[PDB]
>>> print(open('work-v3.cif').read())   # mmCIF, N, CA and C atoms and all ligand atoms
data_input
#
loop_
_atom_site.label_atom_id
_atom_site.label_comp_id
_atom_site.auth_asym_id
_atom_site.auth_seq_id
_atom_site.Cartn_x
_atom_site.Cartn_y
_atom_site.Cartn_z
N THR A 20 14.81 -3.77 56.05
CA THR A 20 14.31 -2.40 55.99
C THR A 20 13.80 -2.05 54.60
N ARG A 21 13.05 -2.97 54.00
CA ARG A 21 12.36 -2.73 52.74
C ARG A 21 10.86 -2.72 52.99
N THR A 22 10.21 -1.62 52.62
CA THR A 22 8.76 -1.53 52.64
C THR A 22 8.20 -2.01 51.31
N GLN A 23 7.29 -2.98 51.38
CA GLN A 23 6.68 -3.54 50.18
C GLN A 23 5.40 -2.79 49.85
N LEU A 24 5.18 -2.57 48.56
CA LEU A 24 4.05 -1.81 48.06
C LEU A 24 3.40 -2.55 46.91
N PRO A 25 2.12 -2.28 46.64
CA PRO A 25 1.46 -2.93 45.51
C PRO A 25 2.12 -2.54 44.21
N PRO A 26 2.18 -3.46 43.24
CA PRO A 26 2.79 -3.12 41.95
C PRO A 26 1.98 -2.08 41.20
N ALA A 27 2.68 -1.25 40.44
CA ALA A 27 2.06 -0.16 39.71
C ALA A 27 2.23 -0.37 38.21
N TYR A 28 1.38 0.31 37.45
CA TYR A 28 1.28 0.09 36.02
C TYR A 28 1.17 1.43 35.31
N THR A 29 1.63 1.46 34.06
CA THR A 29 1.45 2.66 33.24
C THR A 29 1.34 2.25 31.78
N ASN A 30 1.26 3.25 30.90
CA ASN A 30 0.94 3.02 29.51
C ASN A 30 2.10 3.38 28.60
N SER A 31 2.21 2.63 27.51
CA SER A 31 3.22 2.81 26.49
C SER A 31 2.67 3.66 25.35
N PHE A 32 3.57 4.39 24.69
CA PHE A 32 3.17 5.32 23.62
C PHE A 32 4.15 5.16 22.46
N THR A 33 3.85 4.22 21.57
CA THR A 33 4.65 3.98 20.37
C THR A 33 6.14 3.81 20.71
N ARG A 34 6.42 2.73 21.42
CA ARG A 34 7.77 2.41 21.82
C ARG A 34 8.10 1.00 21.37
N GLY A 35 9.39 0.74 21.22
CA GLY A 35 9.82 -0.58 20.82
C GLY A 35 10.01 -0.74 19.33
N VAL A 36 10.48 0.32 18.67
CA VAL A 36 10.70 0.31 17.24
C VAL A 36 12.20 0.24 16.99
N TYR A 37 12.63 -0.83 16.34
CA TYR A 37 14.03 -1.11 16.11
C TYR A 37 14.19 -1.63 14.70
N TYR A 38 15.33 -1.36 14.10
CA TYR A 38 15.55 -1.74 12.72
C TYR A 38 15.56 -3.26 12.61
N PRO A 39 14.52 -3.87 12.04
CA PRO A 39 14.42 -5.33 12.08
C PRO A 39 15.54 -6.04 11.35
N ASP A 40 16.25 -5.37 10.45
CA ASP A 40 17.30 -6.02 9.68
C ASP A 40 18.51 -5.10 9.60
N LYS A 41 19.47 -5.48 8.77
CA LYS A 41 20.70 -4.73 8.53
C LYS A 41 20.81 -4.28 7.08
N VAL A 42 19.70 -3.83 6.50
CA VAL A 42 19.67 -3.46 5.09
C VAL A 42 19.16 -2.03 4.97
N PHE A 43 19.71 -1.29 4.02
CA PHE A 43 19.36 0.10 3.84
C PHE A 43 18.19 0.25 2.89
N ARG A 44 17.36 1.25 3.16
CA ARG A 44 16.25 1.65 2.30
C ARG A 44 16.18 3.17 2.38
N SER A 45 15.20 3.76 1.70
CA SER A 45 15.11 5.21 1.80
C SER A 45 13.76 5.70 1.29
N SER A 46 13.19 6.67 2.00
CA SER A 46 12.07 7.49 1.52
C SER A 46 10.86 6.66 1.12
N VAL A 47 10.78 5.42 1.58
CA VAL A 47 9.83 4.45 1.06
C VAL A 47 9.14 3.76 2.22
N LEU A 48 7.96 3.22 1.96
CA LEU A 48 7.25 2.49 2.98
C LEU A 48 7.69 1.03 2.96
N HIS A 49 7.36 0.32 4.03
CA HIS A 49 7.59 -1.12 4.04
C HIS A 49 6.78 -1.78 5.15
N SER A 50 6.20 -2.93 4.83
CA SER A 50 5.51 -3.75 5.81
C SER A 50 6.45 -4.82 6.32
N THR A 51 6.49 -5.00 7.63
CA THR A 51 7.31 -6.04 8.24
C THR A 51 6.48 -6.75 9.29
N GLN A 52 6.83 -8.00 9.57
CA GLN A 52 6.21 -8.74 10.66
C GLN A 52 7.29 -9.38 11.51
N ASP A 53 7.21 -9.17 12.82
CA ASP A 53 8.24 -9.58 13.78
C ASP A 53 7.68 -9.48 15.19
N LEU A 54 8.55 -9.76 16.15
CA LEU A 54 8.23 -9.70 17.58
C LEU A 54 8.41 -8.25 18.02
N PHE A 55 7.31 -7.55 18.21
CA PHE A 55 7.34 -6.14 18.56
C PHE A 55 6.66 -5.91 19.90
N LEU A 56 6.50 -4.64 20.25
CA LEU A 56 5.77 -4.22 21.43
C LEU A 56 4.49 -3.54 21.00
N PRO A 57 3.33 -4.17 21.14
CA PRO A 57 2.09 -3.56 20.64
C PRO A 57 1.85 -2.20 21.29
N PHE A 58 1.31 -1.27 20.51
CA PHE A 58 1.16 0.08 21.00
C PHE A 58 0.17 0.15 22.16
N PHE A 59 0.30 1.23 22.93
CA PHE A 59 -0.60 1.55 24.03
C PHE A 59 -0.79 0.35 24.95
N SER A 60 0.31 -0.33 25.25
CA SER A 60 0.26 -1.46 26.15
C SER A 60 0.46 -0.99 27.59
N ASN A 61 0.29 -1.93 28.50
CA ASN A 61 0.31 -1.67 29.93
C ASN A 61 1.57 -2.32 30.49
N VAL A 62 2.52 -1.49 30.89
CA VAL A 62 3.81 -1.96 31.38
C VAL A 62 3.88 -1.87 32.89
N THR A 63 4.71 -2.74 33.46
CA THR A 63 4.90 -2.81 34.90
C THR A 63 5.97 -1.81 35.34
N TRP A 64 5.77 -1.22 36.51
CA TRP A 64 6.51 -0.05 36.95
C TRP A 64 7.34 -0.41 38.18
N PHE A 65 8.60 0.04 38.22
CA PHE A 65 9.42 -0.18 39.40
C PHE A 65 10.22 1.06 39.75
N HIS A 66 10.30 1.32 41.05
CA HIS A 66 11.07 2.41 41.63
C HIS A 66 12.25 1.88 42.43
N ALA A 67 13.16 2.79 42.73
CA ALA A 67 14.17 2.56 43.76
C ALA A 67 14.40 3.92 44.41
N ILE A 68 13.84 4.12 45.60
CA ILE A 68 13.93 5.39 46.29
C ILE A 68 14.10 5.13 47.78
N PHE B 559 25.32 5.04 4.46
CA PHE B 559 25.04 3.87 5.27
C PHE B 559 25.33 4.16 6.73
N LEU B 560 24.50 3.63 7.61
CA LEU B 560 24.85 3.62 9.01
C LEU B 560 25.88 2.53 9.28
N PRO B 561 26.65 2.66 10.36
CA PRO B 561 27.85 1.82 10.51
C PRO B 561 27.59 0.37 10.86
N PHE B 562 26.36 -0.11 10.69
CA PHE B 562 26.02 -1.46 11.12
C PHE B 562 25.34 -2.27 10.03
N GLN B 563 25.31 -1.78 8.80
CA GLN B 563 24.61 -2.45 7.71
C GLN B 563 25.46 -2.50 6.45
N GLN B 564 25.19 -3.49 5.60
CA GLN B 564 26.09 -3.84 4.50
C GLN B 564 25.44 -3.86 3.12
N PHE B 565 24.25 -3.31 2.95
CA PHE B 565 23.59 -3.39 1.65
C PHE B 565 22.64 -2.23 1.49
N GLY B 566 22.12 -2.10 0.28
CA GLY B 566 21.07 -1.15 -0.01
C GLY B 566 20.12 -1.73 -1.04
N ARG B 567 18.83 -1.58 -0.80
CA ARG B 567 17.82 -2.27 -1.57
C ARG B 567 16.86 -1.25 -2.16
N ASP B 568 16.12 -1.70 -3.17
CA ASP B 568 15.19 -0.89 -3.93
C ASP B 568 13.80 -1.50 -3.86
N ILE B 569 12.83 -0.83 -4.49
CA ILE B 569 11.52 -1.44 -4.64
C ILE B 569 11.62 -2.67 -5.53
N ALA B 570 12.47 -2.60 -6.56
CA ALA B 570 12.67 -3.71 -7.48
C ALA B 570 13.14 -4.98 -6.79
N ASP B 571 13.57 -4.89 -5.53
CA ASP B 571 13.95 -6.02 -4.69
C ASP B 571 15.30 -6.60 -5.09
N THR B 572 16.13 -5.82 -5.76
CA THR B 572 17.52 -6.17 -6.02
C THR B 572 18.44 -5.14 -5.38
N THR B 573 19.62 -5.60 -5.00
CA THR B 573 20.62 -4.71 -4.43
C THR B 573 20.97 -3.62 -5.43
N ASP B 574 21.26 -2.43 -4.91
CA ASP B 574 21.75 -1.35 -5.74
C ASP B 574 22.99 -0.66 -5.19
N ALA B 575 23.31 -0.84 -3.92
CA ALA B 575 24.56 -0.40 -3.34
C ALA B 575 25.28 -1.59 -2.74
N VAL B 576 26.51 -1.35 -2.31
CA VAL B 576 27.26 -2.35 -1.55
C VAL B 576 28.42 -1.65 -0.85
N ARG B 577 28.67 -2.05 0.38
CA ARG B 577 29.86 -1.59 1.10
C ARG B 577 31.00 -2.56 0.82
N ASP B 578 32.06 -2.05 0.21
CA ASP B 578 33.18 -2.91 -0.15
C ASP B 578 33.82 -3.47 1.11
N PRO B 579 33.94 -4.79 1.24
CA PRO B 579 34.46 -5.38 2.48
C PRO B 579 35.91 -5.05 2.79
N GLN B 580 36.58 -4.22 1.98
CA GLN B 580 37.96 -3.85 2.25
C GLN B 580 38.12 -2.37 2.58
N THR B 581 37.62 -1.50 1.72
CA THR B 581 37.82 -0.06 1.87
C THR B 581 36.71 0.62 2.66
N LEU B 582 35.70 -0.12 3.08
CA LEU B 582 34.55 0.44 3.80
C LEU B 582 33.82 1.48 2.97
N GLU B 583 33.98 1.42 1.66
CA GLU B 583 33.39 2.40 0.77
C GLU B 583 32.06 1.90 0.24
N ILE B 584 31.28 2.82 -0.31
CA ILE B 584 29.92 2.53 -0.76
C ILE B 584 29.89 2.68 -2.27
N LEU B 585 29.53 1.60 -2.95
CA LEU B 585 29.54 1.51 -4.40
C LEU B 585 28.12 1.31 -4.91
N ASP B 586 27.75 2.04 -5.95
CA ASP B 586 26.45 1.92 -6.58
C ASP B 586 26.58 1.08 -7.84
N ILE B 587 25.67 0.12 -7.99
CA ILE B 587 25.59 -0.73 -9.17
C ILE B 587 24.53 -0.19 -10.12
N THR B 588 24.96 0.12 -11.34
CA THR B 588 24.08 0.57 -12.41
C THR B 588 24.10 -0.45 -13.54
N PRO B 589 22.95 -1.00 -13.93
CA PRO B 589 22.94 -2.04 -14.96
C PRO B 589 23.21 -1.47 -16.34
N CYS B 590 23.72 -2.32 -17.21
CA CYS B 590 24.08 -1.90 -18.55
C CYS B 590 22.83 -1.64 -19.40
N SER B 591 23.00 -0.81 -20.43
CA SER B 591 21.87 -0.33 -21.23
C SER B 591 21.51 -1.35 -22.29
N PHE B 592 20.49 -2.15 -22.01
CA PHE B 592 20.03 -3.15 -22.97
C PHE B 592 19.31 -2.53 -24.17
N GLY B 593 18.43 -1.56 -23.95
CA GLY B 593 17.76 -0.93 -25.09
C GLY B 593 17.02 -1.90 -26.02
N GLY B 594 16.77 -1.42 -27.24
CA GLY B 594 16.06 -2.20 -28.24
C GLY B 594 16.48 -1.81 -29.64
N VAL B 595 16.27 -2.72 -30.58
CA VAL B 595 16.74 -2.56 -31.96
C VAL B 595 15.56 -2.63 -32.91
N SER B 596 15.38 -1.57 -33.70
CA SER B 596 14.36 -1.52 -34.74
C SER B 596 15.04 -1.17 -36.06
N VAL B 597 14.38 -1.49 -37.16
CA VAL B 597 14.97 -1.31 -38.48
C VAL B 597 13.94 -0.72 -39.44
N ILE B 598 14.42 0.16 -40.31
CA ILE B 598 13.60 0.90 -41.26
C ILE B 598 13.92 0.42 -42.66
N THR B 599 12.89 0.11 -43.44
CA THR B 599 13.09 -0.29 -44.82
C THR B 599 12.03 0.28 -45.75
N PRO B 600 12.41 0.66 -46.97
CA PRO B 600 11.44 1.11 -47.98
C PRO B 600 10.85 -0.01 -48.83
N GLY B 601 11.04 -1.26 -48.46
CA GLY B 601 10.57 -2.40 -49.20
C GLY B 601 11.71 -3.12 -49.91
N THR B 602 11.49 -4.40 -50.18
CA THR B 602 12.49 -5.15 -50.93
C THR B 602 12.51 -4.74 -52.39
N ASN B 603 11.34 -4.64 -53.01
CA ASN B 603 11.26 -4.36 -54.43
C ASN B 603 12.03 -3.11 -54.81
N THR B 604 11.82 -2.02 -54.06
CA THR B 604 12.40 -0.75 -54.45
C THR B 604 13.91 -0.74 -54.25
N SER B 605 14.38 -1.20 -53.10
CA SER B 605 15.80 -1.08 -52.78
C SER B 605 16.16 -2.12 -51.74
N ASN B 606 17.46 -2.17 -51.43
CA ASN B 606 17.98 -3.03 -50.38
C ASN B 606 18.53 -2.26 -49.20
N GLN B 607 18.69 -0.95 -49.32
CA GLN B 607 19.24 -0.15 -48.24
C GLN B 607 18.28 -0.11 -47.06
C1 LIG C 701 -2.51 -2.65 33.91
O1 LIG C 701 -2.32 -3.97 34.45
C2 LIG C 701 -2.73 -4.15 35.81
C3 LIG C 701 -2.43 -5.59 36.16
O2 LIG C 701 -3.31 -6.47 35.47
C4 LIG C 701 -4.20 -3.80 35.98
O3 LIG C 701 -4.52 -3.86 37.36
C5 LIG C 701 -5.72 -4.62 37.53
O4 LIG C 701 -6.88 -3.89 37.11
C6 LIG C 701 -8.12 -4.60 37.27
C7 LIG C 701 -9.21 -3.71 36.72
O5 LIG C 701 -9.36 -2.53 37.51
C8 LIG C 701 -8.33 -4.95 38.74
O6 LIG C 701 -9.52 -5.71 38.88
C9 LIG C 701 -7.14 -5.75 39.25
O7 LIG C 701 -7.28 -6.02 40.64
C10 LIG C 701 -5.85 -4.97 39.01
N1 LIG C 701 -4.70 -5.73 39.47
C11 LIG C 701 -3.73 -5.20 40.22
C12 LIG C 701 -2.61 -6.12 40.60
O8 LIG C 701 -3.76 -4.02 40.57
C13 LIG C 701 -4.48 -2.40 35.45
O9 LIG C 701 -5.88 -2.14 35.49
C14 LIG C 701 -3.99 -2.26 34.02
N2 LIG C 701 -4.24 -0.92 33.51
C15 LIG C 701 -3.72 0.19 34.03
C16 LIG C 701 -4.10 1.47 33.35
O10 LIG C 701 -2.97 0.18 35.01
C1 LIG C 702 43.23 -6.72 5.02
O1 LIG C 702 44.62 -6.44 4.82
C2 LIG C 702 44.84 -5.20 4.15
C3 LIG C 702 46.32 -5.13 3.85
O2 LIG C 702 46.81 -6.38 3.37
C4 LIG C 702 44.36 -4.06 5.03
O3 LIG C 702 44.58 -2.82 4.37
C5 LIG C 702 42.88 -4.24 5.34
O4 LIG C 702 42.45 -3.25 6.27
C6 LIG C 702 42.61 -5.63 5.91
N1 LIG C 702 41.19 -5.85 6.11
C7 LIG C 702 40.29 -5.91 5.13
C8 LIG C 702 38.87 -6.16 5.55
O5 LIG C 702 40.59 -5.76 3.95
#
>>> encode(input="work-v3.cif", output="structure tokens")
Amino acid sequence: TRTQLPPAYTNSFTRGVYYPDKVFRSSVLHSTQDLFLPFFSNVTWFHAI
Amino acid sequence: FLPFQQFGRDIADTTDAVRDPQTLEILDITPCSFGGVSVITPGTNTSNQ
């Protein structure tokens, strides 16, 4: 009794920002490079209803 | 400090704080005053002071 439907998609808005390390800083800028979530990406959508 | 990090850093790229691994306290490191030394003289011929 499961009805199957086509997969749906939506957009991300500046998500996936996490403290890349365990070091304190303050009031200052910093450039980092790591495995992130690029902005305005297209994510896959799932319901349970 | 947030409860998950153990240091504090500066632009100078050296530590300036530290969480003491016993008391959970936060200590600031201030370097000693090196300064500079200059000397004033009125000449050898006139005097030695
Ligand atoms: C998000 O990703 C999905 C999956 O790639 C995109 O859906 C495709 O869009 C193209 C362009 O219209 C179609 O030719 C494909 O048939 C679509 N595939 C599926 C499975 O639907 C979608 O366009 C992307 N963007 C948005 C805004 O959803
Ligand atoms: C170590 O033992 C002391 C007492 O001997 C205790 O006060 C302290 O909480 C313990 N842990 C650390 C990290 O110092």
>>> residues_near_ligand(input="work-v3.cif", ligand="ligand LIG 702 (chain C)", cutoff="7 Å", atoms="all atoms listed in the file", output="CSV table (one decimal) with N, CA and C atoms, in the frame of the given file")
chain,number,residue,atom,x,y,z
B,579,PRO,N,33.9,-4.8,1.2
B,579,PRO,CA,34.5,-5.4,2.5
B,579,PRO,C,35.9,-5.0,2.8
B,580,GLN,N,36.6,-4.2,2.0
B,580,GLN,CA,38.0,-3.8,2.2
B,580,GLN,C,38.1,-2.4,2.6
B,581,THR,N,37.6,-1.5,1.7
B,581,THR,CA,37.8,-0.1,1.9
B,581,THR,C,36.7,0.6,2.7
>>> select_by_dssp(input="work-v3.cif", residues="chain B", states="strand (DSSP E)", output="list in words")
residues 565, 566, 567, 573, 574, 575, 576, 577, 584, 585 and 586 of chain B
>>> write_last_selection(input="work-v3.cif", atoms="N, CA and C atoms", output="short mmCIF file (atom, residue, chain, number, x, y, z; two decimals), in the coordinates of the input")
data_model
loop_
_atom_site.label_atom_id
_atom_site.label_comp_id
_atom_site.auth_asym_id
_atom_site.auth_seq_id
_atom_site.Cartn_x
_atom_site.Cartn_y
_atom_site.Cartn_z
N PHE B 565 24.25 -3.31 2.95
CA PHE B 565 23.59 -3.39 1.65
C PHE B 565 22.64 -2.23 1.49
N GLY B 566 22.12 -2.10 0.28
CA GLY B 566 21.07 -1.15 -0.01
C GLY B 566 20.12 -1.73 -1.04
N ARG B 567 18.83 -1.58 -0.80
CA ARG B 567 17.82 -2.27 -1.57
C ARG B 567 16.86 -1.25 -2.16
N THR B 573 19.62 -5.60 -5.00
CA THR B 573 20.62 -4.71 -4.43
C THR B 573 20.97 -3.62 -5.43
N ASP B 574 21.26 -2.43 -4.91
CA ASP B 574 21.75 -1.35 -5.74
C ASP B 574 22.99 -0.66 -5.19
N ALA B 575 23.31 -0.84 -3.92
CA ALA B 575 24.56 -0.40 -3.34
C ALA B 575 25.28 -1.59 -2.74
N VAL B 576 26.51 -1.35 -2.31
CA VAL B 576 27.26 -2.35 -1.55
C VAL B 576 28.42 -1.65 -0.85
N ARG B 577 28.67 -2.05 0.38
CA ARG B 577 29.86 -1.59 1.10
C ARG B 577 31.00 -2.56 0.82
N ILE B 584 31.28 2.82 -0.31
CA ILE B 584 29.92 2.53 -0.76
C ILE B 584 29.89 2.68 -2.27
N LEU B 585 29.53 1.60 -2.95
CA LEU B 585 29.54 1.51 -4.40
C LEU B 585 28.12 1.31 -4.91
N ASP B 586 27.75 2.04 -5.95
CA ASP B 586 26.45 1.92 -6.58
C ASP B 586 26.58 1.08 -7.84
#
>>> residues_near_ligand(input="work-v3.cif", ligand="ligand LIG 701 (chain C)", cutoff="8 Å", atoms="all atoms listed in the file", output="PDB file with N, CA and C atoms, in the frame of the given file")
ATOM      1  N   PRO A  25       2.120  -2.280  46.640  1.00  0.00           N
ATOM      2  CA  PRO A  25       1.460  -2.930  45.510  1.00  0.00           C
ATOM      3  C   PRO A  25       2.120  -2.540  44.210  1.00  0.00           C
ATOM      4  N   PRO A  26       2.180  -3.460  43.240  1.00  0.00           N
ATOM      5  CA  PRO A  26       2.790  -3.120  41.950  1.00  0.00           C
ATOM      6  C   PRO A  26       1.980  -2.080  41.200  1.00  0.00           C
ATOM      7  N   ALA A  27       2.680  -1.250  40.440  1.00  0.00           N
ATOM      8  CA  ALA A  27       2.060  -0.160  39.710  1.00  0.00           C
ATOM      9  C   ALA A  27       2.230  -0.370  38.210  1.00  0.00           C
ATOM     10  N   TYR A  28       1.380   0.310  37.450  1.00  0.00           N
ATOM     11  CA  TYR A  28       1.280   0.090  36.020  1.00  0.00           C
ATOM     12  C   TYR A  28       1.170   1.430  35.310  1.00  0.00           C
ATOM     13  N   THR A  29       1.630   1.460  34.060  1.00  0.00           N
ATOM     14  CA  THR A  29       1.450   2.660  33.240  1.00  0.00           C
ATOM     15  C   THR A  29       1.340   2.250  31.780  1.00  0.00           C
ATOM     16  N   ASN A  30       1.260   3.250  30.900  1.00  0.00           N
ATOM     17  CA  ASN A  30       0.940   3.020  29.510  1.00  0.00           C
ATOM     18  C   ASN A  30       2.100   3.380  28.600  1.00  0.00           C
ATOM     19  N   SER A  60       0.310  -0.330  25.250  1.00  0.00           N
ATOM     20  CA  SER A  60       0.260  -1.460  26.150  1.00  0.00           C
ATOM     21  C   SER A  60       0.460  -0.990  27.590  1.00  0.00           C
ATOM     22  N   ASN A  61       0.290  -1.930  28.500  1.00  0.00           N
ATOM     23  CA  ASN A  61       0.310  -1.670  29.930  1.00  0.00           C
ATOM     24  C   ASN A  61       1.570  -2.320  30.490  1.00  0.00           C
ATOM     25  N   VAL A  62       2.520  -1.490  30.890  1.00  0.00           N
ATOM     26  CA  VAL A  62       3.810  -1.960  31.380  1.00  0.00           C
ATOM     27  C   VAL A  62       3.880  -1.870  32.890  1.00  0.00           C
ATOM     28  N   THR A  63       4.710  -2.740  33.460  1.00  0.00           N
ATOM     29  CA  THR A  63       4.900  -2.810  34.900  1.00  0.00           C
ATOM     30  C   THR A  63       5.970  -1.810  35.340  1.00  0.00           C
TER      31      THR A  63
END
>>> interface_residues(input="work-v3.cif", of="chain B", to="chain A", cutoff="7 Å", atoms="only N, CA and C atoms", output="PyMOL selection string")
chain B and resi 559+562-568
>>> atom_distance(input="work-v3.cif", atom1="CA of residue 34 (chain A)", atom2="CA of residue 66 (chain A)")
20.1 Å
>>> residues_around(input="work-v3.cif", residues="region 53-59 of chain A", least_positions_apart="3", cutoff="7 Å", atoms="all atoms listed in the file", output="list in words")
residues 30, 31, 32, 33, 34, 35 and 36 of chain A
